[PDB]
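Reviewing the structure listed below.
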Amino acid sequence: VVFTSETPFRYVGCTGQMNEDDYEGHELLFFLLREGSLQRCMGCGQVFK
Amino acid sequence: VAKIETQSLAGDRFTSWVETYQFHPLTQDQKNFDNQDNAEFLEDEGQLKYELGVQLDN
Amino acid sequence: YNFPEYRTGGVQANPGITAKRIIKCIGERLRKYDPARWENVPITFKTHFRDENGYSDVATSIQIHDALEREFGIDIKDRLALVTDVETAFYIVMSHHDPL
Amino acid sequence: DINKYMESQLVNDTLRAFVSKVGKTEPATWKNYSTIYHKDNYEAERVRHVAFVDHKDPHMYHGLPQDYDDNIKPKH
Amino acid sequence: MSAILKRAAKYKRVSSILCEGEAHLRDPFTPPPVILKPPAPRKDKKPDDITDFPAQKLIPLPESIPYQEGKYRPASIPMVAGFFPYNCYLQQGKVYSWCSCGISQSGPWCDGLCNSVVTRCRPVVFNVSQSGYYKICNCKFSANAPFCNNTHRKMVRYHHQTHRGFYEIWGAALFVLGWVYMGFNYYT
Amino acid sequence: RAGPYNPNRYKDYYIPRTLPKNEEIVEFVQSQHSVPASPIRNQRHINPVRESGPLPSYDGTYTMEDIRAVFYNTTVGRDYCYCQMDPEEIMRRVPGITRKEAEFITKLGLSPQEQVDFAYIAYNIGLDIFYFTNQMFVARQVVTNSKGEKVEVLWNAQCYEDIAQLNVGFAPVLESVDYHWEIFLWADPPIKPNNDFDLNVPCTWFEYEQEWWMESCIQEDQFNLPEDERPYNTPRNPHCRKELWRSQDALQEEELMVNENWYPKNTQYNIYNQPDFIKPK
Amino acid sequence: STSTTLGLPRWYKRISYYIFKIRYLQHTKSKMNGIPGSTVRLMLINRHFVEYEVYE
Ligand SMILES: CCCCCCCCCCCCCCCCCC(=O)OC[C@H](COP(=O)([O-])OCC(O)COP(=O)([O-])OC[C@@H](COC(=O)CCCCCCCCCCCCCCCCC)OC(=O)CCCCCCCCCCCCCCCCC)OC(=O)CCCCCCCCCCCCCCCCC
Ligand code: FES
Ligand code: FES
Ligand SMILES: [Zn+2]
């Protein structure tokens with residue numbers, strides 16, 4: 001869940017499934033998480049609301 | 001559709017799907033086109049009579 | 001000759017027998033390592049190996065780790081969990097994918 | 001309390017089968033409750049439980065939603 | 001069509017099995033081939049029609065495969081990951097997982113990377129009856145599942161027989177011979 | 001043009017303009033502590049399921065060998081592959097897929113191997129193949145969750161580490177038409193969410209592809225020994241069999257432990273208070 | 001400007017490759033509109049020379 005205070009969208013960066021050995025899963029991929037439905041990062045499948 | 005698999009001399013493998021109507025048989029000498037609907041590149045048993053050349057338009 | 005069973009994962013299929021093996025090996029190791037303390041104490045499934053205030057002893061737990069490794073043929077990661085009771089030992093043994 | 005352990009295993013197997021049939025998928029973990037001892041959350045070692053020895057093995061589908069009926073019945 | 005049908009009576013077909021054999025003969029988990037026949041064609045084709053073909057037995061990926069006693073055909077082609085066997089000390093009665101895929105970072109053993117690659121090669125979980133030094137296969141092609149049966153020698157010979165492998169080995173040999181020639185002519 | 005605007009000059013009603021009664025306060029406190037309160041968000045994963053559908057099978061209509069063979073022939077040309085796989089065959093390979101989806105997939109430019117693979121993925125993950133890729137969302141997928149809500153998930157268009165290269169648009173088009181002088185218009189910061197390790201879930205979004213590329217770059221220049229030349233039926237290892245080895249002592253000990261009245265019997269003292277204890281020394 | 005990535009900077013999965021390939025083929029087909037097909041183009045190129053002194 002990514003929160004916005006009454007704003008229709010927010011920039012969200014995804015680094016995948018973070019692990020202990022390497023603090024990030026994959027490369028920092030940015031997108032514009034919008035309001036209305038679930039959206040997911042096609043690189044790692046992480047669903048953002 | 002016919003799937004054609006070939007291999008280069010360095011071990012690379014190539015796959016190509018080609019429509020059946022693209023095939024045009026060549027003659028035994030491969031100098032001229034061979035007549036479709038009448039051409040004998042398979043012997044009586046059913047195996048290749050000679051090295052058959054086929055031209056593909058695309 | 002008794003042929004060993006083909007089906008794998010028999011340790012997870014018999015929780016009671018696994019707990020009995022854990023209790024036996026832990027009891028033997030604790031009576032050998034610390035006879036003055038554990039030679040009179042029956043070791044059951046609810047028995048823990050901490051102080052009356054919940055403080056754990058690393059030496060006793062590492063002895064129990066060695067006992068479990070030798071009994072079940074596993075490699076217990078000592079840095080991830082510390083066996084302070086029979087329940088923790090049961091969880092560790094049943095979590096491993098190659099106990100035998 | 002061995003009954004507690006066996007009932008938890010049975011309940012979580014039924015829940016996995018039910019959720020997999022609802023979602024038209026398969027379970028992701030096969031571990032009833034997630035704890036960090038296997039590091040399966042961030043490593044590549046799964047806790048999947050599918051063991052069989054041949055194509056005729058009756059126990060091939062144990063642990064998979066194909067083992068349950070559409071009524072979430074344990075057998076077949 | 002007519003010309004083909006004229007000679008179609010005398011034509012003889014040949015089997016499609018070449019240099020691969022039968023998987024079910026050399027490998028469990030693979031049911032023997034079954035000839036499935038289509039049902040009658042549907043009278044009306046609807047946009048939401050799922051297939052009516054007879055169902056096919058579906059074998060899931062096993063978590064690991066047992067030790068097949070000298071009869072092991074890899075489910076998929078593995079990465080060679082070395083043409084030399086490891087000489088590993090195995091303890092008696094301890095369960096070992098042998099890497100079949102070959103991409104494991106943890107030497108001959110499975111680690112967990114078979115789940116992170118598209119392959120049907122599952123680890124061979126085996127147990128030895130006596131502790132000692134064993135030749136664990138590292139080319140992942142041995143008929144003995146976790147042990148070496150000198151198949152890597154055949155693999156090396158086949159690699160040398162190939163045109164590109166022949167060129168590679170001769171290029172390395174000529175590089176070494178150039179070094180040797182320089183060392184021999186160092187005083188001219 | 002519109003005139004000046006000061007929103008602070010107009011009343012807003014966020015707080016009731018009257019004060020509660022004392023009796024109402026007491027009754028409300030009693031009532032709210034007589035019933036359970038609304039739940040608060042819990043982030044534990046209860047029964048995780050595969051995000052990419054069922055895991056591919058060892059044997060069946062579609063297996064992993066098909067996926068590998070798909071990998072080794074990747075190309076993105078400037079023209080279609082007008083060779084169309086039979087929709088009946090696509091339906092057979094992926095049994096649950098419908099006729100319209102198979103036909104539409106055949107009407108795309110993928111080679112037949114990629115057509116069947118794409119049909120498999122689209123059916124398993126619930127992908128909507130009729131969704132046209134744009135710079136808002138690259139894909140759409142309708143999936144029913146564990147509560148049976150039949151939600152939809154929109155795969156967004158992404159950028160590689162560079163918000164400057166991100167197409168911040170609100171149109172189903174590929175062009176970059178909108179140019180914003182103020183990227184964070186309302187001063188709300190962007191976010192890079194950190195994931196708690198304890199709350200992670202095992203990777204199930206096509207987890208079997210993480211090393212794929214690497215392996216496929218090593219097997220392209222590898223020559224494999226044909227099964228006609230690979231030795232087979234070699235002698236079995238003397239100390240290994242298909243059944244995992246158990247010592248006869250261990251089997252006997254398990255047989256003894258099957259009994260309900262089992263106790264170690266090797267202790268120096270009668271710690272289990274067993275009536276049939278004989279001191280072993 | 002149109003980004004060359006089509007919104008898929010990384011092909012971490014093969015589904016991303018499929019989506020990119022489909023959108024790329026549609027985009028190229030839309031671009032190649034008003035440009036004649038291969039047969040007509042070859043006909044125009046081959047029959048370009050229309051300057052002959054003697055006709056039948
Ligand atoms: C040191 C070794 C010693 C032992 C050698 C044993 C045999 C070795 C060869 C075995 C086969 C290996 C694989 C070959 C390529 C296969 C791939 C392929 O598709 O190829 C088609 C491919 C065409 O492209 P493609 O198919 O579209 O794409 C390639 C693949 O898809 C994809 O392929 P790729 O991209 O993965 O690979 C790319 C690579 C692929 O190519 C290679 O890997 C080849 C590497 C070198 C091979 C050298 C050995 C040649 C073996 C035959 C010799 C016969 C000798 C006996 C008969 C004649 C003499 C009597 O391309 C190159 O290397 C670039 C071209 C290099 C040309 C080197 C020319 C050397 C000339 C030497 C003589 C002149 C010296 C003075 C002048 C110097 C300046 C020119 O061709 C090439 O890429 C290779 C071109 C060169 C081939 C002919 C070489 C002739 C050498 C004559 C030497 C004469 C010496 C003097 C006389 C001595 C006697 C009196
Ligand atoms: S079986 Fe080889 S990496 Fe696991
Ligand atoms: S490494 Fe020797 S046969 Fe495999
Ligand atoms: Zn991601």
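Going by the structure tokens order, chains are called A, B, ..., each with residues numbered from 1, while ligands are numbered from 1 in the order shown.
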
Q: Compile the residues of chain F that lie within 8 Å of chain A, evaluated using only C-alpha atoms, and express the compilation as a list in words.
A: residues 51, 151, 152, 153, 154, 155, 156, 157, 158, 159, 160, 161, 162, 163, 166, 168, 186, 188, 189, 190, 191, 192, 193, 194, 195, 197, 200, 203 and 205 of chain F

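When the distance limit is 12 Å and only C-alpha atoms are what count, the residues near residue 61 (chain C), minus those fewer than 5 positions from it on the same chain, are residues 26, 29, 30, 33, 34, 48, 49, 50, 55, 56, 66, 67, 68, 76, 78, 79, 81, 82, 83, 84, 85, 86, 88 and 89 of chain C.
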
Export of the given selection (N, CA and C atoms) as a PDB file, in the first residue's frame:
ATOM      1  N   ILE C  26      18.609 -35.598  23.023  1.00  0.00           N
ATOM      2  CA  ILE C  26      18.837 -34.449  23.891  1.00  0.00           C
ATOM      3  C   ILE C  26      19.092 -34.901  25.321  1.00  0.00           C
ATOM      4  N   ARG C  29      22.636 -36.397  25.575  1.00  0.00           N
ATOM      5  CA  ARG C  29      23.667 -35.367  25.490  1.00  0.00           C
ATOM      6  C   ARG C  29      23.708 -34.512  26.748  1.00  0.00           C
ATOM      7  N   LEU C  30      22.545 -34.152  27.291  1.00  0.00           N
ATOM      8  CA  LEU C  30      22.526 -33.310  28.480  1.00  0.00           C
ATOM      9  C   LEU C  30      23.007 -34.062  29.711  1.00  0.00           C
ATOM     10  N   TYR C  33      26.899 -34.229  29.165  1.00  0.00           N
ATOM     11  CA  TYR C  33      27.590 -32.946  29.248  1.00  0.00           C
ATOM     12  C   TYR C  33      27.464 -32.325  30.632  1.00  0.00           C
ATOM     13  N   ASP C  34      26.273 -32.375  31.220  1.00  0.00           N
ATOM     14  CA  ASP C  34      26.000 -31.758  32.517  1.00  0.00           C
ATOM     15  C   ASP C  34      25.311 -32.779  33.410  1.00  0.00           C
ATOM     16  N   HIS C  48      12.202 -27.127  28.842  1.00  0.00           N
ATOM     17  CA  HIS C  48      13.058 -26.101  28.273  1.00  0.00           C
ATOM     18  C   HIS C  48      14.410 -26.109  28.973  1.00  0.00           C
ATOM     19  N   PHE C  49      15.386 -25.468  28.337  1.00  0.00           N
ATOM     20  CA  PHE C  49      16.751 -25.484  28.843  1.00  0.00           C
ATOM     21  C   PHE C  49      17.236 -24.070  29.131  1.00  0.00           C
ATOM     22  N   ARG C  50      16.404 -23.280  29.799  1.00  0.00           N
ATOM     23  CA  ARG C  50      16.724 -21.916  30.186  1.00  0.00           C
ATOM     24  C   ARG C  50      16.685 -21.792  31.703  1.00  0.00           C
ATOM     25  N   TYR C  55      16.572 -16.739  30.865  1.00  0.00           N
ATOM     26  CA  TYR C  55      17.886 -16.515  30.281  1.00  0.00           C
ATOM     27  C   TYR C  55      18.485 -17.836  29.818  1.00  0.00           C
ATOM     28  N   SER C  56      18.969 -17.858  28.581  1.00  0.00           N
ATOM     29  CA  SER C  56      19.446 -19.073  27.942  1.00  0.00           C
ATOM     30  C   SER C  56      20.960 -19.193  28.053  1.00  0.00           C
ATOM     31  N   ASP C  66      24.727 -29.966  18.516  1.00  0.00           N
ATOM     32  CA  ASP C  66      25.605 -31.055  18.098  1.00  0.00           C
ATOM     33  C   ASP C  66      24.904 -32.403  18.219  1.00  0.00           C
ATOM     34  N   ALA C  67      24.159 -32.602  19.309  1.00  0.00           N
ATOM     35  CA  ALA C  67      23.421 -33.848  19.485  1.00  0.00           C
ATOM     36  C   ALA C  67      22.393 -34.046  18.379  1.00  0.00           C
ATOM     37  N   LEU C  68      21.664 -32.985  18.027  1.00  0.00           N
ATOM     38  CA  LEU C  68      20.665 -33.090  16.968  1.00  0.00           C
ATOM     39  C   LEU C  68      21.314 -33.330  15.613  1.00  0.00           C
ATOM     40  N   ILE C  76      22.603 -27.860  11.630  1.00  0.00           N
ATOM     41  CA  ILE C  76      21.801 -26.814  12.252  1.00  0.00           C
ATOM     42  C   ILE C  76      22.558 -25.496  12.187  1.00  0.00           C
ATOM     43  N   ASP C  78      23.533 -22.499  13.658  1.00  0.00           N
ATOM     44  CA  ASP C  78      23.537 -22.001  15.026  1.00  0.00           C
ATOM     45  C   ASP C  78      23.286 -20.503  15.100  1.00  0.00           C
ATOM     46  N   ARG C  79      23.549 -19.770  14.021  1.00  0.00           N
ATOM     47  CA  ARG C  79      23.384 -18.324  14.023  1.00  0.00           C
ATOM     48  C   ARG C  79      21.953 -17.880  13.762  1.00  0.00           C
ATOM     49  N   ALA C  81      18.863 -19.828  14.826  1.00  0.00           N
ATOM     50  CA  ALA C  81      18.012 -20.150  15.960  1.00  0.00           C
ATOM     51  C   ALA C  81      18.829 -20.881  17.011  1.00  0.00           C
ATOM     52  N   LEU C  82      18.455 -20.680  18.270  1.00  0.00           N
ATOM     53  CA  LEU C  82      19.092 -21.337  19.401  1.00  0.00           C
ATOM     54  C   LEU C  82      18.081 -22.265  20.058  1.00  0.00           C
ATOM     55  N   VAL C  83      18.442 -23.538  20.191  1.00  0.00           N
ATOM     56  CA  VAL C  83      17.543 -24.533  20.768  1.00  0.00           C
ATOM     57  C   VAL C  83      17.568 -24.379  22.284  1.00  0.00           C
ATOM     58  N   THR C  84      16.496 -23.823  22.840  1.00  0.00           N
ATOM     59  CA  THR C  84      16.358 -23.653  24.277  1.00  0.00           C
ATOM     60  C   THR C  84      15.243 -24.503  24.866  1.00  0.00           C
ATOM     61  N   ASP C  85      14.553 -25.291  24.048  1.00  0.00           N
ATOM     62  CA  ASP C  85      13.521 -26.198  24.531  1.00  0.00           C
ATOM     63  C   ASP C  85      13.343 -27.306  23.506  1.00  0.00           C
ATOM     64  N   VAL C  86      12.619 -28.352  23.910  1.00  0.00           N
ATOM     65  CA  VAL C  86      12.356 -29.459  22.997  1.00  0.00           C
ATOM     66  C   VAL C  86      11.454 -29.014  21.852  1.00  0.00           C
ATOM     67  N   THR C  88      11.536 -26.080  20.290  1.00  0.00           N
ATOM     68  CA  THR C  88      12.390 -25.452  19.286  1.00  0.00           C
ATOM     69  C   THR C  88      13.181 -26.497  18.510  1.00  0.00           C
ATOM     70  N   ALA C  89      13.665 -27.531  19.200  1.00  0.00           N
ATOM     71  CA  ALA C  89      14.363 -28.616  18.519  1.00  0.00           C
ATOM     72  C   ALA C  89      13.442 -29.332  17.544  1.00  0.00           C
TER      73      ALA C  89
END

Q) Any idea which chain B residues end up within 12 Å of chain F if we count only C-alpha atoms, as a count of residues only please? A) 21

Q.
Can you pull out every residue from chain A that DSSP, working from the backbone, puts in strand (DSSP E), and format the result as a list in words?
A.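 Secondary structure check on chain A, strand (DSSP E): residues 9, 10, 11, 12, 13, 14, 29, 30, 31, 32, 33, 34, 38, 39, 40, 47 and 48 of chain A.
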
Convert the current residue selection to file output with C-alpha atoms, as an mmCIF file, in the first residue's frame.
data_model
loop_
_atom_site.group_PDB
_atom_site.id
_atom_site.type_symbol
_atom_site.label_atom_id
_atom_site.label_comp_id
_atom_site.auth_asym_id
_atom_site.auth_seq_id
_atom_site.Cartn_x
_atom_site.Cartn_y
_atom_site.Cartn_z
ATOM 1 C CA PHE A 9 -1.052 9.471 -8.277
ATOM 2 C CA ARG A 10 2.463 9.040 -6.936
ATOM 3 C CA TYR A 11 5.839 8.070 -8.367
ATOM 4 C CA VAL A 12 6.863 4.629 -7.102
ATOM 5 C CA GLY A 13 10.185 2.853 -7.614
ATOM 6 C CA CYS A 14 10.459 -0.928 -7.372
ATOM 7 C CA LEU A 29 12.352 0.690 -12.018
ATOM 8 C CA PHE A 30 10.115 3.740 -11.651
ATOM 9 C CA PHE A 31 6.467 4.092 -12.607
ATOM 10 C CA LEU A 32 3.478 6.312 -11.863
ATOM 11 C CA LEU A 33 1.241 4.451 -9.426
ATOM 12 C CA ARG A 34 -2.259 5.748 -10.135
ATOM 13 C CA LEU A 38 -4.127 -2.739 -8.275
ATOM 14 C CA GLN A 39 -0.976 -2.316 -10.352
ATOM 15 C CA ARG A 40 2.092 -4.523 -10.471
ATOM 16 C CA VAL A 47 1.460 -5.650 -6.651
ATOM 17 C CA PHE A 48 1.019 -2.047 -5.507
#

Q: Give me, as a PyMOL selection string, the contact residues of chain G against chain F at a cut-off of 6 Å, counting only C-alpha atoms.
A: chain G and resi 1-2+7+9+21

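Between chain E and the candidates B:26, B:44, B:56, B:50, the tightest atom-to-atom separation, counting only C-alpha atoms, involves B:44.
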
Q: Could you please determine the separation between CA of residue 6 (chain G) and CA of residue 24 (chain G) in Å, to one decimal place?
A: 7.6 Å

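Taking only C-alpha atoms, the non-local environment of residue 103 (chain E) within 9 Å (same-chain residues fewer than 4 positions away omitted) comprises residues 78, 79, 80, 81, 99, 107, 110, 113, 114 and 117 of chain E; 211 and 215 of chain F.
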
Keeping N, CA and C atoms for every residue in the selection just given, could you write it to a file as a compact mmCIF listing (two decimals), in the first residue's frame?
# COMPACT_ATOMS: atom_id res chain seq x y z
N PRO E 78 21.56 -30.51 -19.21
CA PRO E 78 22.15 -29.68 -18.16
C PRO E 78 23.38 -28.93 -18.65
N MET E 79 23.74 -27.90 -17.90
CA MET E 79 25.02 -27.25 -18.11
C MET E 79 26.13 -28.17 -17.62
N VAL E 80 27.19 -28.30 -18.42
CA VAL E 80 28.24 -29.26 -18.09
C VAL E 80 28.89 -28.91 -16.76
N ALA E 81 29.29 -27.65 -16.59
CA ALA E 81 29.85 -27.17 -15.33
C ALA E 81 31.08 -27.96 -14.90
N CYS E 99 23.42 -31.66 -7.47
CA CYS E 99 22.93 -30.72 -8.47
C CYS E 99 22.87 -31.38 -9.84
N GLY E 107 29.15 -25.92 -5.46
CA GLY E 107 29.85 -27.07 -5.96
C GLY E 107 28.94 -28.12 -6.55
N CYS E 110 23.10 -29.23 -4.55
CA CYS E 110 21.99 -28.58 -5.24
C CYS E 110 21.95 -27.08 -4.99
N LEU E 113 19.39 -23.25 -6.88
CA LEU E 113 19.26 -22.54 -8.15
C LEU E 113 18.54 -23.34 -9.22
N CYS E 114 18.20 -24.60 -8.98
CA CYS E 114 17.39 -25.33 -9.95
C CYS E 114 15.98 -24.78 -10.03
N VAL E 117 15.85 -21.64 -12.69
CA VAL E 117 16.18 -21.86 -14.09
C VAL E 117 15.10 -22.73 -14.71
N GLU F 211 17.81 -17.31 -13.47
CA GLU F 211 19.09 -17.72 -14.03
C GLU F 211 18.99 -18.14 -15.49
N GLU F 215 22.08 -19.33 -18.07
CA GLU F 215 22.27 -20.70 -18.52
C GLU F 215 22.16 -20.79 -20.03

Residues flagged helix (DSSP H, G or I) by DSSP in region 51-82 of chain C, as a PDB file with N, CA and C atoms, in the first residue's frame:
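The result, written out as part30.pdb:
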ATOM      1  N   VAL C  58      24.296 -20.535  26.162  1.00  0.00           N
ATOM      2  CA  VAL C  58      24.721 -20.841  24.800  1.00  0.00           C
ATOM      3  C   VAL C  58      25.426 -22.191  24.742  1.00  0.00           C
ATOM      4  N   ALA C  59      26.207 -22.525  25.770  1.00  0.00           N
ATOM      5  CA  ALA C  59      26.958 -23.778  25.755  1.00  0.00           C
ATOM      6  C   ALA C  59      26.026 -24.983  25.712  1.00  0.00           C
ATOM      7  N   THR C  60      25.004 -24.989  26.571  1.00  0.00           N
ATOM      8  CA  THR C  60      24.050 -26.093  26.590  1.00  0.00           C
ATOM      9  C   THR C  60      23.331 -26.219  25.255  1.00  0.00           C
ATOM     10  N   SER C  61      22.924 -25.089  24.679  1.00  0.00           N
ATOM     11  CA  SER C  61      22.196 -25.126  23.420  1.00  0.00           C
ATOM     12  C   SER C  61      23.079 -25.576  22.265  1.00  0.00           C
ATOM     13  N   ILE C  62      24.364 -25.222  22.274  1.00  0.00           N
ATOM     14  CA  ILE C  62      25.259 -25.700  21.223  1.00  0.00           C
ATOM     15  C   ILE C  62      25.525 -27.192  21.386  1.00  0.00           C
ATOM     16  N   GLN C  63      25.600 -27.671  22.629  1.00  0.00           N
ATOM     17  CA  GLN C  63      25.675 -29.113  22.843  1.00  0.00           C
ATOM     18  C   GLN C  63      24.446 -29.808  22.273  1.00  0.00           C
ATOM     19  N   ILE C  64      23.270 -29.216  22.475  1.00  0.00           N
ATOM     20  CA  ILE C  64      22.042 -29.790  21.933  1.00  0.00           C
ATOM     21  C   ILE C  64      22.045 -29.736  20.408  1.00  0.00           C
ATOM     22  N   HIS C  65      22.589 -28.663  19.832  1.00  0.00           N
ATOM     23  CA  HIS C  65      22.722 -28.589  18.379  1.00  0.00           C
ATOM     24  C   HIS C  65      23.599 -29.714  17.853  1.00  0.00           C
ATOM     25  N   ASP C  66      24.727 -29.966  18.516  1.00  0.00           N
ATOM     26  CA  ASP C  66      25.605 -31.055  18.098  1.00  0.00           C
ATOM     27  C   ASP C  66      24.904 -32.403  18.219  1.00  0.00           C
ATOM     28  N   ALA C  67      24.159 -32.602  19.309  1.00  0.00           N
ATOM     29  CA  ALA C  67      23.421 -33.848  19.485  1.00  0.00           C
ATOM     30  C   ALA C  67      22.393 -34.046  18.379  1.00  0.00           C
ATOM     31  N   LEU C  68      21.664 -32.985  18.027  1.00  0.00           N
ATOM     32  CA  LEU C  68      20.665 -33.090  16.968  1.00  0.00           C
ATOM     33  C   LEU C  68      21.314 -33.330  15.613  1.00  0.00           C
ATOM     34  N   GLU C  69      22.455 -32.689  15.353  1.00  0.00           N
ATOM     35  CA  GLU C  69      23.157 -32.919  14.095  1.00  0.00           C
ATOM     36  C   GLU C  69      23.599 -34.369  13.973  1.00  0.00           C
ATOM     37  N   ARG C  70      24.138 -34.937  15.053  1.00  0.00           N
ATOM     38  CA  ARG C  70      24.590 -36.323  14.990  1.00  0.00           C
ATOM     39  C   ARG C  70      23.423 -37.301  14.936  1.00  0.00           C
ATOM     40  N   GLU C  71      22.305 -36.977  15.586  1.00  0.00           N
ATOM     41  CA  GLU C  71      21.174 -37.900  15.620  1.00  0.00           C
ATOM     42  C   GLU C  71      20.461 -37.962  14.275  1.00  0.00           C
ATOM     43  N   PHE C  72      20.211 -36.807  13.659  1.00  0.00           N
ATOM     44  CA  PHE C  72      19.407 -36.732  12.447  1.00  0.00           C
ATOM     45  C   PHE C  72      20.222 -36.498  11.185  1.00  0.00           C
TER      46      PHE C  72
END

Q | Surrounding residues as a list in words, ligand 3, max 9 Å, only C-alpha atoms and all ligand atoms | A | residues 80, 82, 83, 84, 85, 86, 135, 136, 137, 138, 139, 140, 141, 142, 143, 144, 145, 146, 147, 148, 149, 150, 151, 152, 153, 154 and 155 of chain E

Just-selected residues, N, CA, C and O atoms written as a compact mmCIF listing (two decimals), in the first residue's frame:
# COMPACT_ATOMS: atom_id res chain seq x y z
N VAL E 80 27.19 -28.30 -18.42
CA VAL E 80 28.24 -29.26 -18.09
C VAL E 80 28.89 -28.91 -16.76
O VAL E 80 29.02 -29.77 -15.88
N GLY E 82 31.89 -28.36 -15.88
CA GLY E 82 33.13 -29.06 -15.58
C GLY E 82 33.19 -30.46 -16.16
O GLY E 82 32.21 -31.19 -16.14
N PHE E 83 34.36 -30.83 -16.69
CA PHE E 83 34.57 -32.15 -17.27
C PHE E 83 35.39 -33.05 -16.37
O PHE E 83 35.95 -34.05 -16.84
N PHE E 84 35.48 -32.73 -15.08
CA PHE E 84 36.25 -33.51 -14.12
C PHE E 84 35.38 -33.84 -12.92
O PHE E 84 34.62 -32.98 -12.45
N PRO E 85 35.45 -35.06 -12.40
CA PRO E 85 34.66 -35.41 -11.23
C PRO E 85 35.26 -34.84 -9.95
O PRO E 85 36.48 -34.75 -9.79
N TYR E 86 34.38 -34.45 -9.04
CA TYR E 86 34.83 -34.05 -7.71
C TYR E 86 35.17 -35.28 -6.89
O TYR E 86 34.57 -36.34 -7.06
N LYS E 135 33.68 -40.23 -6.16
CA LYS E 135 33.81 -39.40 -7.36
C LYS E 135 32.43 -38.90 -7.74
O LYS E 135 31.69 -39.58 -8.46
N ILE E 136 32.08 -37.72 -7.27
CA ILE E 136 30.81 -37.09 -7.59
C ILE E 136 30.87 -36.53 -9.00
O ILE E 136 31.80 -35.80 -9.35
N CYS E 137 29.88 -36.88 -9.82
CA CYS E 137 29.83 -36.40 -11.19
C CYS E 137 29.69 -34.89 -11.21
O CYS E 137 28.91 -34.31 -10.46
N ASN E 138 30.46 -34.25 -12.09
CA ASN E 138 30.39 -32.81 -12.26
C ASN E 138 30.02 -32.40 -13.67
O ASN E 138 29.80 -31.21 -13.90
N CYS E 139 29.95 -33.33 -14.61
CA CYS E 139 29.47 -33.05 -15.96
C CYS E 139 27.97 -33.23 -16.10
O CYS E 139 27.41 -32.87 -17.14
N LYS E 140 27.31 -33.78 -15.07
CA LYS E 140 25.86 -33.91 -15.00
C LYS E 140 25.28 -34.80 -16.10
O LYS E 140 24.09 -34.71 -16.41
N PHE E 141 26.10 -35.67 -16.69
CA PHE E 141 25.64 -36.55 -17.75
C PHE E 141 25.80 -38.03 -17.42
O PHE E 141 25.41 -38.88 -18.23
N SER E 142 26.36 -38.36 -16.26
CA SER E 142 26.69 -39.74 -15.94
C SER E 142 25.43 -40.58 -15.75
O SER E 142 24.43 -40.12 -15.19
N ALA E 143 25.49 -41.83 -16.22
CA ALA E 143 24.38 -42.75 -15.99
C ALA E 143 24.20 -43.04 -14.51
O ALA E 143 23.07 -43.20 -14.03
N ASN E 144 25.30 -43.15 -13.77
CA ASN E 144 25.21 -43.11 -12.32
C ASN E 144 24.84 -41.70 -11.90
O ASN E 144 25.54 -40.74 -12.24
N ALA E 145 23.73 -41.56 -11.17
CA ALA E 145 23.14 -40.24 -10.98
C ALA E 145 24.09 -39.27 -10.29
O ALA E 145 24.43 -38.24 -10.89
N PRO E 146 24.57 -39.53 -9.07
CA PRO E 146 25.51 -38.59 -8.43
C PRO E 146 26.98 -38.94 -8.59
O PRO E 146 27.82 -38.16 -8.14
N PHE E 147 27.31 -40.07 -9.22
CA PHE E 147 28.67 -40.57 -9.26
C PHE E 147 29.20 -40.54 -10.69
O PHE E 147 28.44 -40.45 -11.65
N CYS E 148 30.52 -40.61 -10.81
CA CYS E 148 31.19 -40.51 -12.09
C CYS E 148 31.39 -41.90 -12.68
O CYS E 148 31.87 -42.81 -12.00
N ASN E 149 31.02 -42.06 -13.95
CA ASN E 149 31.22 -43.30 -14.69
C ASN E 149 32.06 -43.07 -15.94
O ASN E 149 31.93 -43.79 -16.93
N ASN E 150 32.92 -42.05 -15.90
CA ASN E 150 33.83 -41.70 -17.00
C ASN E 150 33.08 -41.32 -18.27
O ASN E 150 33.57 -41.55 -19.38
N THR E 151 31.89 -40.74 -18.13
CA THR E 151 31.19 -40.19 -19.28
C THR E 151 31.82 -38.88 -19.74
O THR E 151 31.71 -38.52 -20.92
N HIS E 152 32.48 -38.16 -18.83
CA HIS E 152 33.09 -36.89 -19.19
C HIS E 152 34.18 -37.06 -20.23
O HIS E 152 34.42 -36.16 -21.04
N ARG E 153 34.85 -38.22 -20.25
CA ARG E 153 35.81 -38.48 -21.31
C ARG E 153 35.13 -38.56 -22.67
O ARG E 153 35.64 -38.00 -23.65
N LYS E 154 33.98 -39.23 -22.74
CA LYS E 154 33.23 -39.27 -23.99
C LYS E 154 32.75 -37.87 -24.38
O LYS E 154 32.75 -37.52 -25.56
N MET E 155 32.33 -37.07 -23.40
CA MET E 155 31.90 -35.71 -23.70
C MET E 155 33.05 -34.88 -24.26
O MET E 155 32.86 -34.12 -25.21
